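Peer 1: Sharing coords_27.cif here; it has mmCIF, C-alpha atoms; chains and numbers go by the auth columns.
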data_work
#
loop_
_atom_site.group_PDB
_atom_site.id
_atom_site.type_symbol
_atom_site.label_atom_id
_atom_site.label_comp_id
_atom_site.label_asym_id
_atom_site.label_seq_id
_atom_site.Cartn_x
_atom_site.Cartn_y
_atom_site.Cartn_z
_atom_site.B_iso_or_equiv
_atom_site.auth_seq_id
_atom_site.auth_asym_id
ATOM 1 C CA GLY A 1 47.255 -4.513 -42.682 0.00 1 T
ATOM 2 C CA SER A 2 50.502 -6.097 -41.510 0.00 2 T
ATOM 3 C CA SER A 3 50.176 -9.247 -39.404 0.00 3 T
ATOM 4 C CA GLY A 4 52.908 -9.618 -36.802 0.00 4 T
ATOM 5 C CA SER A 5 54.201 -12.971 -35.575 0.00 5 T
ATOM 6 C CA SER A 6 54.897 -11.976 -31.971 0.00 6 T
ATOM 7 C CA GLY A 7 52.103 -10.217 -30.107 0.00 7 T
ATOM 8 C CA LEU A 8 53.109 -9.772 -26.472 0.00 8 T
ATOM 9 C CA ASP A 9 50.929 -6.659 -26.314 0.00 9 T
ATOM 10 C CA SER A 10 48.124 -6.270 -23.774 0.00 10 T
ATOM 11 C CA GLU A 11 46.190 -3.781 -21.645 0.00 11 T
ATOM 12 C CA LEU A 12 49.339 -3.319 -19.561 0.00 12 T
ATOM 13 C CA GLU A 13 47.352 -1.752 -16.720 0.00 13 T
ATOM 14 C CA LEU A 14 45.418 0.665 -18.933 0.00 14 T
ATOM 15 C CA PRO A 15 44.398 4.009 -17.375 0.00 15 T
ATOM 16 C CA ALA A 16 40.711 4.712 -17.985 0.00 16 T
ATOM 17 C CA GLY A 17 38.416 4.069 -20.933 0.00 17 T
ATOM 18 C CA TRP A 18 40.449 1.217 -22.398 0.00 18 T
ATOM 19 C CA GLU A 19 39.202 -2.217 -23.457 0.00 19 T
ATOM 20 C CA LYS A 20 41.432 -5.003 -24.772 0.00 20 T
ATOM 21 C CA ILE A 21 39.534 -6.838 -27.509 0.00 21 T
ATOM 22 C CA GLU A 22 41.007 -10.100 -28.794 0.00 22 T
ATOM 23 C CA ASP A 23 39.945 -11.053 -32.320 0.00 23 T
ATOM 24 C CA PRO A 24 40.974 -14.026 -34.501 0.00 24 T
ATOM 25 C CA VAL A 25 41.070 -11.904 -37.655 0.00 25 T
ATOM 26 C CA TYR A 26 41.396 -8.374 -36.280 0.00 26 T
ATOM 27 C CA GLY A 27 43.675 -9.497 -33.466 0.00 27 T
ATOM 28 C CA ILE A 28 44.185 -7.847 -30.086 0.00 28 T
ATOM 29 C CA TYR A 29 43.354 -4.137 -30.067 0.00 29 T
ATOM 30 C CA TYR A 30 42.329 -1.590 -27.436 0.00 30 T
ATOM 31 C CA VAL A 31 39.125 0.389 -27.974 0.00 31 T
ATOM 32 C CA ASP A 32 38.472 3.756 -26.334 0.00 32 T
ATOM 33 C CA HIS A 33 34.855 4.388 -25.339 0.00 33 T
ATOM 34 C CA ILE A 34 35.758 8.037 -24.758 0.00 34 T
ATOM 35 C CA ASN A 35 37.537 9.035 -27.969 0.00 35 T
ATOM 36 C CA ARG A 36 35.975 6.370 -30.189 0.00 36 T
ATOM 37 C CA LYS A 37 39.473 5.428 -31.350 0.00 37 T
ATOM 38 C CA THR A 38 41.311 2.131 -31.814 0.00 38 T
ATOM 39 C CA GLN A 39 45.011 1.467 -32.388 0.00 39 T
ATOM 40 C CA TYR A 40 47.615 -1.263 -31.914 0.00 40 T
ATOM 41 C CA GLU A 41 50.169 0.860 -30.060 0.00 41 T
ATOM 42 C CA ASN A 42 49.280 0.470 -26.382 0.00 42 T
ATOM 43 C CA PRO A 43 48.577 3.753 -24.545 0.00 43 T
ATOM 44 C CA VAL A 44 50.232 2.720 -21.280 0.00 44 T
ATOM 45 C CA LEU A 45 53.481 2.292 -23.209 0.00 45 T
ATOM 46 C CA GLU A 46 53.186 5.521 -25.198 0.00 46 T
ATOM 47 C CA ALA A 47 52.311 7.751 -22.246 0.00 47 T
ATOM 48 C CA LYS A 48 54.849 6.069 -19.966 0.00 48 T
ATOM 49 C CA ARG A 49 57.261 6.410 -22.888 0.00 49 T
ATOM 50 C CA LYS A 50 56.718 10.119 -23.534 0.00 50 T
ATOM 51 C CA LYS A 51 56.143 10.801 -19.836 0.00 51 T
ATOM 52 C CA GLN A 52 59.293 9.206 -18.424 0.00 52 T
ATOM 53 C CA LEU A 53 61.116 11.984 -20.276 0.00 53 T
ATOM 54 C CA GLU A 54 63.083 13.823 -17.589 0.00 54 T
ATOM 55 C CA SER A 55 64.888 16.345 -19.793 0.00 55 T
ATOM 56 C CA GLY A 56 64.023 17.768 -23.199 0.00 56 T
ATOM 57 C CA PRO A 57 63.621 20.823 -25.456 0.00 57 T
ATOM 58 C CA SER A 58 61.577 23.493 -23.678 0.00 58 T
ATOM 59 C CA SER A 59 59.257 25.629 -25.805 0.00 59 T
ATOM 60 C CA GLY A 60 56.207 26.563 -23.756 0.00 60 T
#
Transcribe the structure of this file into structure tokens.
Peer 2:
Amino acid sequence: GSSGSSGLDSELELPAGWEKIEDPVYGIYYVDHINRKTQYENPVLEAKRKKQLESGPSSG
């Protein structure tokens, strides 16, 4: 695992089923009690990042 110096990541107004767990060794990570998944990349950012998309390649 890669330990980052700056960690300005947080819940960021998580949607639903998100829990910000702060650990001294594991660090700050969000756990989903719905998809039993845990990752560093905040969901609020991802969704709002791939959602803000106004125009893009249409496929269907």
Peer 1: Do you know which residues are at most 12 Å from region 17-26 of chain T counting all atoms listed in the file, after dropping those on the same chain fewer than 2 positions away, and could you put them as an NGL selection string?
Peer 2: :T and (1-4 or 7 or 9-15 or 28-44)
Peer 1: Just the number, please: distance in Å from CA of residue 8 (chain T) to CA of residue 27 (chain T), one decimal.
Peer 2: 11.7 Å
Peer 1: How big is the axis-aligned box, and where does its centre sit, when it encloses all atoms of region 53-60 of chain T listed in the file and has 8 Å added on every side, reported in Å to one decimal as JSON?
Peer 2:
{"center_x": 60.5, "center_y": 19.3, "center_z": -21.7, "size_x": 24.7, "size_y": 30.6, "size_z": 24.2}
